[PDB]
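These are the residues of each chain, in order.
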Amino acid sequence: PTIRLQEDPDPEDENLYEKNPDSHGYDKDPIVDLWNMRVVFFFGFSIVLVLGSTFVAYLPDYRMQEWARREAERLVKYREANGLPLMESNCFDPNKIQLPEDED
Amino acid sequence: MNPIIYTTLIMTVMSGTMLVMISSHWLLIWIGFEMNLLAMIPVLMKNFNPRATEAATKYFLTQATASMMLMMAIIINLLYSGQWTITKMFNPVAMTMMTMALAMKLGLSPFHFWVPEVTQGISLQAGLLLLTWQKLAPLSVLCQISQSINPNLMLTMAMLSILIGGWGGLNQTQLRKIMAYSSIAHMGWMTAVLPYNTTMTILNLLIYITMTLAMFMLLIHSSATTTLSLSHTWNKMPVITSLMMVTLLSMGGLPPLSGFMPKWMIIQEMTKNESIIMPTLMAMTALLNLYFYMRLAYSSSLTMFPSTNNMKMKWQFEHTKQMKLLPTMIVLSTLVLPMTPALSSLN
Amino acid sequence: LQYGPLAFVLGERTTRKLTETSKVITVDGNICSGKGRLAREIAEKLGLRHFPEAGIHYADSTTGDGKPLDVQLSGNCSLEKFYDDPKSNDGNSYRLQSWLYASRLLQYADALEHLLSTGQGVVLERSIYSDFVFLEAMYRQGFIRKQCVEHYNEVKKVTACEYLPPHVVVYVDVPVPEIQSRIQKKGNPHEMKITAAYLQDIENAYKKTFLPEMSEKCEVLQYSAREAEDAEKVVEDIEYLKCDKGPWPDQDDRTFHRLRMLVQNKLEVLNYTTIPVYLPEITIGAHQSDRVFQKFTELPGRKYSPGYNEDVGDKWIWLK
Amino acid sequence: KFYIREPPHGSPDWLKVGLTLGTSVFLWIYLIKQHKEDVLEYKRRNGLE
Amino acid sequence: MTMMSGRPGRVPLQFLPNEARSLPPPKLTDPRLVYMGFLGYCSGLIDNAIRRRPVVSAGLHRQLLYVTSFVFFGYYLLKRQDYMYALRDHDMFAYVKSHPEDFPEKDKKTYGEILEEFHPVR
Amino acid sequence: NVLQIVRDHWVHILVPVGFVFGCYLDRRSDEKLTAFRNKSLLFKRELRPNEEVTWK
Amino acid sequence: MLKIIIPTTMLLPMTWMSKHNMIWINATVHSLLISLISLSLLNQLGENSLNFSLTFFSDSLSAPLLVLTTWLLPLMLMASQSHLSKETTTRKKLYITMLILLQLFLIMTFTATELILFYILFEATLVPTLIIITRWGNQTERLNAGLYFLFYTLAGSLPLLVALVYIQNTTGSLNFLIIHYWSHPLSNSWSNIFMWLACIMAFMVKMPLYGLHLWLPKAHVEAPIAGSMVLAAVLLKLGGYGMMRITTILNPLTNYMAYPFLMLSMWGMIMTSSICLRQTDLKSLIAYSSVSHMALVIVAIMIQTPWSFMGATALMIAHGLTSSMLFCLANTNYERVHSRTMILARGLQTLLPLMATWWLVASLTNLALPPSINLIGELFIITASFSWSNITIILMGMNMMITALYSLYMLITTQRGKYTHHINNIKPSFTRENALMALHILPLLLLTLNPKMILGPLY
Amino acid sequence: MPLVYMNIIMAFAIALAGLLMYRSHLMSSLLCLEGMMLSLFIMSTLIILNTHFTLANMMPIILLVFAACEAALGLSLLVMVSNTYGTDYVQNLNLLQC
Amino acid sequence: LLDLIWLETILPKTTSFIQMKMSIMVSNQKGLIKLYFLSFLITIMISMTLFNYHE
Ligand SMILES: CCCCCCCCCCCCCCCCCC(=O)OC[C@H](COP(=O)([O-])OCC(O)COP(=O)([O-])OC[C@@H](COC(=O)CCCCCCCCCCCCCCCCC)OC(=O)CCCCCCCCCCCCCCCCC)OC(=O)CCCCCCCCCCCCCCCCC
Ligand SMILES: CCCCCCCCCCCCCCCCC[C@@H](O)O[C@H](CO[C@H](O)CCCCCCCCCCCCCCC)COP(=O)(O)OCC[N+](C)(C)C
Ligand SMILES: CCCCCCCCCCCCCCCCC[C@@H](O)O[C@H](CO[C@H](O)CCCCCCCCCCCCCCC)COP(=O)(O)OCC[N+](C)(C)C
Ligand SMILES: CCCCCCCCCCCCCCCCC[C@@H](O)O[C@H](CO[C@H](O)CCCCCCCCCCCCCCC)COP(=O)(O)OCC[N+](C)(C)C
Ligand SMILES: Nc1ncnc2c1ncn2[C@@H]1O[C@H](COP(=O)(O)OP(=O)(O)O)[C@@H](O)[C@H]1O
């Protein structure tokens with residue numbers, strides 16, 4: 001036969017615009033395609049995007065940024081008035097630390 | 001062959017294995033091995049042809065040599081301590097000979113040549129029996145004498161078995177030889193952890209037996225013994241090829257599949273000892289088995305090979321005989337990893 | 001209960017049902033000869049089951065409903081275009097020959113299963129032992145290649161060796177010019193293009209290979225055209241045969257058990273017809289294979305197992 | 001519709017169906033009973049109630 | 001090496017010693033039992049698919065039997081597994097209690113007295 | 001007529017039901033980790049005259 | 001966090017029980033709802049992590065990754081339904097099943113509290129990806145691509161398993177909280193050096209580190225579009241997540257074991273950026289872009305500073321979004337002209353203006369135009385490297401120039417010039433493709449508006 | 001051990017070596033197998049007689065029984081091989097490879 | 001030079017070459033019991049001396 005095998009020919013690609021000039025590119029069935037467009041748009045842009053962005057914008061301050069700012073204001077006020085240094089090099093009281101006896 | 005005679009021979013094979021497993025006397029264990037071999041020889045020749053005759057002859061010669069060495073080791077042990085009970089094996093030379101004889105019976109490398117040949121020469125049912133049921137007796141005996149075993153010899157043979165299983169399997173287009181090399185590698189894995197923990201040996205044996213049963217039953221369902229004949233199964237029963245693909249993935253050891261569990265537990269057990277280098281090499285080597293399982297999956301399930309015209313006639317008919325345990329075997333081969341802590345009931 | 005080792009262990013034995021009228025009969029002959037009428041008359045007189053010659057859609061007749069399917073999903077070959085274009089470059093000739101051999105193997109398995117299950121005789125038109133005459137006629141006329149002949153020989157070698165040959169072979173002899181006259185008188189516009197050399201090749205193949213090698217298994221009953229209309233004489237000629245020369249008398253219970261397990265399970269029967277020998281005439285690409293299989297699975301009674309297709313009126317599925 | 005008997009007929013095999021359902025129900029009630037006695041025995045041995 | 005093969009008082013083929021009755025049985029809603037039932041349901045589905053039957057609807061009695069059998073075996077499997085782990089813990093604690101020299105409780109040191117080297121990241 | 005509507009769109013309750021089941025199981029999991037409820041040095045508190053537990 | 005895991009497991013039978021013509025709709029809607037639910041994980045604390053149970057926990061490093069995974073699922077669904085139209089119903093359901101299983105494994109991987117469970121899930125992610133690539137790829141190179149993807153990964157990951165079980169036998173636990181609180185320094189011995197290498201190489205090959213990246217161009221070019229999306233956006237970030245987790249127990253050994261990987265990362269960053277300048281395949285260019293950005297991420301993780309960790313987190317999120325968008329943009333042209341060669345279809349701005357705008361925005365984010373989170377991450381990493389050593393700015397500086405060059409080269413080659421005369425089948429952009437590009441790009445700028453949500457736990 | 005024990009063990013080793021190296025005939029290797037069985041019988045009998053283990057006097061009979069079973073098995077296989085090839089050469093058993 | 005040749009040459013191509021060569025070495029046996037029973041004899045003798053003589 002001068003052939004090697006029985007095979008279907010490679011078919012041409014279908015244009016969704018031919019049977020549906022406003023086809024939205026979701027499906028060949030116009031009704032299913034239209035509703036796929038609608039659900040994608042509503043649940044992506046209207047619900048997740050805008051409402052999720054609002055939710056994230058108004059999340060309560062569990063990172064304690066404002067609490068830390070107010071605590072630092074109290075500490076600075078107290079230390080400035082008393083004449084104490086604003087900050088201490090050692091964050092742990094040396095009285096609770098026991099260095100090794102001998103360094104030689 | 002008469003069905004009654006076939007059933008009698010199968011029960012005699014199983015009776016020999018059970019006699020090995022329940023005996024306390026070395027003579028009774030040797031008798032169990034003899035009975036098992038005597039009944040097993042005709043089962044390999046059930047479908048008579050020159051290849052089956054050659055496979056039976058090679059099997060008989062190998063196993064008879066192994067049993068002769070087994071008996072000699074028993075007699076030497078008796079000579080140096082008048083004990084017939086299966087115990088710590090008071091003599092080292094006798095223990096070495098016993099280890100070599102049991103390795104010959106199992107098909108561990110260096111004595112691994114017979115397994116690919118006997119498996120290719122017999123039918124798929126005989127291969128199923130040979131690669132599943134025939135491992136129980138030597139492994140049970142090895143488990144009972146694990147304390148007196150010399151780690152250097154057993155570990156050498158286990159690592160050689162893993163290496164040779166991978167390398168030999170890399171070169172095969174016949175499915176029975178692929179199964180035989182896979183069996184060799186899994187035997188190596190089983191015997192690598194034996195000196196440290198026999199529960200892991202039992203767990204690996206059970207999981208391997210389940211996966212092997214599933215694979216052989218899938219191969220019998222779709223009557224394929226070569227890679228190219230298995231490449232047609234997609235055009236007749238695609239579900240069979242999909243299940244075979246998942247089972248092949250499980251055999252490879254990829255998580256979250258059940259196949260991964262024995263290797264994981266054996267690696268953990270070996271690292272509970274010092275033993276760091278050996279598990280690393282064993283995993284790197286099991287990558288080869290994974291490679292040729294993946295090649296089989298490429299050929300049978302993930303791509304579609306050309307078919308023939310006469311497959312249309314086969315489309316019209318159904319499979320008459322049905323294997324009742326195949327779904328359970330597939331499920332146990334694939335989805336059992338979350339139940340891993342249940343291995344405690346094995347000890 | 002399904003026949004198997006358990007049925008053989010207790011009770012069932014084939015050797016007891018054979019009642020001197022088992023006698024697998026095949027009635028061979030060239031094209032357009034009246035072998036079918038003779039076969040039907042023999043079956044009616046002797047009380048045997050008649051099997052009409054297996055065509056392209058023989059396998060369709062036995063599964064699902066007996067109605068034939070589309071040629072694309074069954075056969076994928078045409079007898080008419082074989083006569084129109086015997087030298088087509090699409091492999092129609094050898095594809096048809098291979099499909100017909102597979103159909104004949106299936107029909108032989110069905111007849112053997114019926115005989116071994118009931119003890120009743122069967123009459124066939126042609127057999128797997130006769131199918132090669134058409135292959136030789138095609139090859140000598142240059143309609144197929146030599147590789148196709150080698151593939152046919154491989155499949156026949158691994159398939160036809162597992163069964164028992166017919167007890168008696170009946171041959172109807174009709175000369176080639178008379179065959180041409182009959183074909184012209186018929187009226188079918190495709191059979192008129194059959195050259196006389198094709199019929200001569202079929203006749204040479206028959207008389208120089210089939211009958212000689214079949215006469216060693218069992219004696220052959222040959223008949224000229226005029227002595228084939230008298231069916232009662234042929235039947236009474238059959239009743240006085242001494243059949244103790246072939247493999248049939250040397251069959252005991254266990255061999256019959258093996259053969260009976262083989263004749264059922266038609267997948268086992270057809271196993272070796274689809275061997276992975278890649279001839280362009282019969283090799284089908286993956287895309288076309290997938291498309292045709294998807295087409296087949298959409299037939300009204302084909303998606304599931306027989307008793308499980310609710311779209312053809314299967315009830316109580318959820319308890320089966 | 002079918003050319004041959006197709007032995008599984010339109011009605012299901014009632015013997016097999018009944019045996020299957022009976023086995024399932026027997027196993028379920030046995031498991032419930034066993035769990036109840038196990039709970040009672042555990043509570044008795046450790047003296048909870 | 002076999003850790004529990006020869007523990008005194010062990011009955012050869014019991015699968016469930018009388019001592020195990022002193023442990024709380026697994027709840028019938030144990031997630032492990034539910035996973036075993038899921039395994040049985042998967043086996044039933046695969047059985048339907050292999051036999052070319054409607055996968056979800058073909059045999060409800062068969063699927064029920066599959067799920068029930070897997071749950072039934074899993075219950076006793078879980079009981080035995082829990083018993084083995086309880087045995088292991090019991091033996092561990094008894095051995096530690098009976099060999100005080102090998103398990104000393106040394107003096108506790110606070111982090112204010114332990115000198116740890118500091119490795120800068122720069 | 002709701003028979004066909006239900007048989008065509010009953011697959012739309014699986015995911016919300018899974019969500020509520022996951023919420024329930026998370027509450028159940030939280031119920032098993034109360035060994036230090038109202039016991040930390042930082043949050044130890046005297047109970048109100050009516051309440052029973054500080055958190056659920 | 002079963003309130004997220006269980007709905008995906010319910011996506012599975014919802015897909016397998018749907019009508020033949022509603023699978024895409026149902027999967028998309030419920031995937032988007034699951035993403036909305038996962039959005040609640042962004043409420044993180046300042047001191048410790050959210051410890052849901054003994055098994056699952058959520059940190060400030062894994063919450064954006066989970067959100068990215070759940071958001072990527074619907075986009076893959078929209079991108080896949082075009083070229084799968086001729087497929088049978090069962091195979092379409094199997095494709096969706098593969099995607100759902102991949103999402104489930106990824107979701108469980110980012111929240112596992114133990115390292116062995118994390119390993120099991122991070123390795124289970126292999127099977128769906130390999131099946132997708134080798135079954136639904138287009139060309140015959142997909143088989144080799146699958147083999148390369150599998151073995152490169154496993155050869156790195158198995159020593160990690162050995163090291164993990166060894167560590168558990170040594171310290172008694174693999175729980176991440178216990179590991180962090182009970183951390184002890186690593187001495188300078190050959191055993192410790194090889195333990196470091198075993199704990200690091202799997203994540204290195206996942207990034208992938210330069211010289212160990214050859215699998216990535218093959219796998220990312222030969223895969224279908226959804227495969228490429230999930231391979232570039234999420235699966236590469238497994239290496240970075242695992243490396244930031246595991247480096248807790250590797251100090252102070254890292255102080256000098258990081259040198260070869262740092263040199264490889266910087267020089268191979270330069271090399272892969274240069275490779276992008278001469279590339280005839282449009283998808284391979286995007287793959288090598290991914291390699292360069294991940295080399296930057298490797299450097300940031302290796303130098304071990306708070307600023308470098310913040311930059312690494314931001315860069316991983318930004319790169320996921322940008323690379324997924326670029327792959328989708330290339331797939332549109334491939335579906336139009338059935339060829340990947342970059343100079344075949346030219347002057348496309350004349351024929352498709354809105355798609356040209358999408359191309360411009362994607363290539364602007366690729367070159368890290370401020371104040372995009374791409375640039376935030378890149379600049380944090382550059383500052384951290386400058387503090388590490390002042391000479392890194394030269395290598396970093398060269399990379400910035402090269403990245404701009406090849407990004408705009410891609411843009412000008414594909415969009416500008418004159419349209420090829422012989423190609424007349426360039427249909428207008430569908431609504432689906434435009435919605436896909438918009439859903440890729442809008443979250444990027446929205447995250448720019450509030451950048452502390454992607455800056456990690458070191459913030 | 002005495003000299004007789006070493007001699008019997010040497011006989012066993014020689015028969016094993018004989019079995020391991022095949023010449024042409026299969027029957028010669030079967031004879032070597034029987035020789036190993038005989039050597040084991042002699043060794044076990046000597047050990048049991050020396051230690052006066054009365055109940056162990058019956059084991060060598062069992063050994064002989066199973067030796068006979070093994071020899072019958074080997075002879076049957078030889079009959080089949082010879083019927084296939086008209087010769088009992090081990091060179092003909094080369095249809096299956098590794 | 002680097003990505004398409006040498007990086008390919010060292011890690012994956014070397015591994016493939018070595019595995020293929022060892023597969024050819026291991027799997028190509030004639031199936032003659034004489035040769036590998038001689039192999040068995042060598043293994044047995046080595047085993048007694050190498051691992052058995054050292055206890
Ligand atoms: C981790 C979390 C949990 C996950 C658990 C693990 C995963 C899920 C469980 C796995 C096992 C379960 C299913 C087993 C049977 C499936 C076999 C099968 O063929 O299915 C076809 C069958 C369709 O057949 P049909 O409907 O009769 O008619 C169509 C024809 O049959 C048309 O059929 P056909 O034969 O003509 O079509 C040919 C097709 C047929 O080939 C197949 O169908 C392949 C199926 C192979 C089964 C998987 C192997 C064994 C399981 C191992 C899974 C490993 C998972 C771990 C990760 C590794 C990934 C592999 O073959 C191909 O097309 C070749 C494609 C090549 C792709 C290769 C990939 C295959 C492996 C993928 C496995 C992924 C997991 C399962 C996917 C789902 C399968 C349904 O599918 C189904 O309809 C059943 C699925 C749905 C059942 C569950 C629904 C439950 C009820 C709903 C309510 C839920 C309750 C909620 C409670 C709360 C109250 C509201
Ligand atoms: C087509 C035509 C285009 C041009 C025409 C457009 C017309 C103008 C519209 C453009 C708007 C201009 C932007 C200017 C900024 C104003 C908004 C800003 O003020 O809000 C920010 C808030 O923005 C949000 O916080 C950021 C949005 C969150 C982004 C998350 C994306 C949603 C999920 C989607 C999928 C996720 C994928 C990525 C995975 C990680 C402020 O943050 P914050 O300083 O606090 O507020 C202080 C007061 N609070 C705290 C009480 C609220
Ligand atoms: C791949 C999945 C593996 C599945 C393997 C088969 C599962 C189904 C087989 C059903 C087992 C039936 C046996 C139970 C009936 C009573 C017999 C009982 O008395 O046997 C006891 C023994 O109990 C059995 O071993 C328990 C069998 C349970 C095996 C399942 C564990 C698999 C590991 C975890 C994987 C998850 C499995 C999920 C199953 C669906 C006797 O103990 P003992 O005589 O003193 O031990 C002898 C061996 N020693 C001394 C050397 C230790
Ligand atoms: C293609 C991309 C692949 C990925 C790249 C992976 C990178 C791996 C590189 C490993 C980094 C360092 C490994 C070991 C640390 C130091 C290396 C050594 O050269 O340093 C000196 C080591 O001295 C000498 O070099 C001895 C090592 C010589 C033998 C090593 C072989 C190197 C040859 C190159 C082979 C290529 C390796 C990669 C294969 C692809 C330090 O002196 P010393 O203080 O004494 O040793 C420190 C350890 N102590 C403290 C326990 C003693
Ligand atoms: N195996 C075959 N190969 C090719 N053609 C065949 C074959 N069998 C039957 N035919 C064709 O079928 C037609 C009639 O078949 P035949 O049985 O000979 O006539 P009738 O219908 O009278 O029995 C003829 O054209 C014959 O060539």
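Residues numbered from 1 in each chain as written, not as in the entry; some residues may be left out. Chains lettered and ligands numbered in written order. Part of a larger assembly, values for the part shown. Heavy atoms only, no water. Residues with missing side-chain atoms left out of burial classes, pairs and counts.

Method of structure determination, per the deposited record: cryo-EM was used for this entry, reaching 2.6 Å resolution.

Caption draft 1: Quick look at the packing of helix α15 (residues 282-303) of chain G against helix α19 (residues 373-388) of chain G. Residue and element names in this part refer to chain G. Across the interface, α15 lies against α19 with an axial gap of 10 Å and an inter-helix angle of 50°. Between α15 and α19, the crossing angle belongs to the class labelled oblique. Where α15 crosses over α19, the handedness of that crossing is left-handed. Contacts between α15 and α19 involve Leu296, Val299, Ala300 and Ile303 from the former and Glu378, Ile381, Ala384, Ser385 and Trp388 from the latter. Residue composition of the contact of α15 with α19, by class: 7 nonpolar, 1 polar and 1 charged. (Axes fitted to C-alpha atoms, helices over the stretch in contact; angles between N-to-C directions. Helix = DSSP H or I, 4+ residues; strand = E, 2+ residues; numbered from the N terminus. Parallel < 35°, antiparallel > 145°, perpendicular 65-115°, else oblique. Left-handed = near helix turned anticlockwise from the far one by under 90°. Contact = heavy atoms within 4.5 Å. Nonpolar A, V, L, I, M, F, W, Y, C, P; charged D, E, K, R; others polar.)

Caption draft 2: Representation of a negative patch on the surface. On the surface, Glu227, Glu232, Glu236, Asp237 and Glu239 of chain C cluster together into a patch of negative charge. Along the polypeptide, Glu239 of chain C turns up in the loop between α9 (231-238) and α10 (253-263). (Patch = residues over 30% accessible without salt bridge, like charges linked within 9 Å, V, L, I, M, F, W, Y side chains within 5 Å. Areas by Shrake-Rupley, 256 points an atom, 1.4 Å probe, with all protein chains shown as cover. Salt bridge = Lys/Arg side-chain N within 4 Å of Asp/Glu carboxyl O. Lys, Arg positive; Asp, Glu negative; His and termini not counted. Charge placed at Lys NZ, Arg CZ, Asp CG, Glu CD.)

Caption draft 3: Looking closely at the arrangement of the chains. By contact count, the dominant pairing among the 17 pairs of chains in contact is that of chains B and C. At no point do chain D and chain H touch; the closest pair of C-alpha atoms across them sits 43 Å apart.

Caption draft 4: Here's a closer look at the site of ligand 4. Residue and element names in this part refer to chain G. Neighbouring ligand 4 are the residues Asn188, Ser189, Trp190, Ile193, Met201, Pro260, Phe261 and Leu264. Here ligand 4, which alone exposes 1,200 Å², has 35% of that area covered by the protein. If you list the elements that add at least two residues to the shell around ligand 4, you get α9 (190-206) and α14 (259-275). Residues belonging to the shell around ligand 4 are distributed by class as follows: 6 nonpolar, 2 polar and no charged. (Near = heavy atom within 4 Å.)

Caption draft 5: Representation of the interface of chain C and chain B. Contacts between the two partners involve 45 residues from chain C, matched on the other side by 30 residues from chain B. Buried surface at the junction of chain C and chain B, summed over both partners, amounts to about 3,300 Å²; 66% is from carbon and sulfur atoms. Three residues, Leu267, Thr274 and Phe293 of chain C, lead the burial of chain C against chain B; their summed loss comes to 19% of the area buried on that side. There are 0 salt bridges connecting chain C and chain B. Put simply, the parts of the chain that give the side of chain C that touches chain B at least two residues each are α1 (5-9), α4 (92-118), α10, α11 (266-270), β6 (283-284) and α12 (286-297) of chain C. (Buried area = accessible area lost by both parts, 1.4 Å probe.)

Caption draft 6: Up close: empty space enclosed by the protein. Computed from the structure, the largest cavity encloses a volume of approximately 200 Å³. Every residue lining the largest cavity is counted, 18 residues in all, and those nearest its centre are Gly252, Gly253, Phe260 and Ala283 of chain B together with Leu158 of chain G. Where the lining of the largest cavity is concerned, the elements lending two or more residues are α13 (260-272) and α14 (277-302) of chain B together with α5 (115-124) and α7 (142-171) of chain G. For the lining of the largest cavity, the per-class residue count stands at 14 nonpolar, 2 polar and 2 charged. Here the second largest cavity defines a volume of roughly 160 Å³. Contributing to the lining of the second largest cavity are 15 residues, with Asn36, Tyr59, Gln63, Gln134 and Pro138 of chain B lying nearest its centre. Among the elements of the structure, α2 (26-44), α3 (50-80), α4 (92-106) and α7 (136-144) of chain B are those that each provide at least two residues to the lining of the second largest cavity. Looking at the lining of the second largest cavity, its residues break down into 9 nonpolar, 4 polar and 2 charged. (1 Å grid on protein atoms, 1.4 Å probe; cavity = no way out; pocket = protein on both sides within 12 Å on 5 of 7 lines; lining within 4 Å. Points joined across faces, edges and corners; volume = space filled by probe spheres on them.)

Caption draft 7: Up close: the packing of aromatic side chains. Residue and element names in this part refer to chain C. Applying the stated rule across the entire model yields 47 aromatic pairs over all chains. Measuring from ring centre to ring centre gives 5.2 Å for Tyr101 and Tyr152, while their planes differ by 65°; the resulting arrangement is edge-to-face. Here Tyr101 is found in helix α4, whereas its partner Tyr152 is found in helix α6 (residues 146-159), with 51 residues between them in sequence. The exposure class of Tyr101 is buried, given its relative accessible area of 3%. Look at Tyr152 and you get buried, because its relative accessible area is 3%. (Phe/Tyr/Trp six-rings, centres within 6.5 Å; stacked < 30°, edge-to-face > 60°. Buried < 20%, exposed > 50% of the residue type's maximum accessible area, 1.4 Å probe, protein only.)

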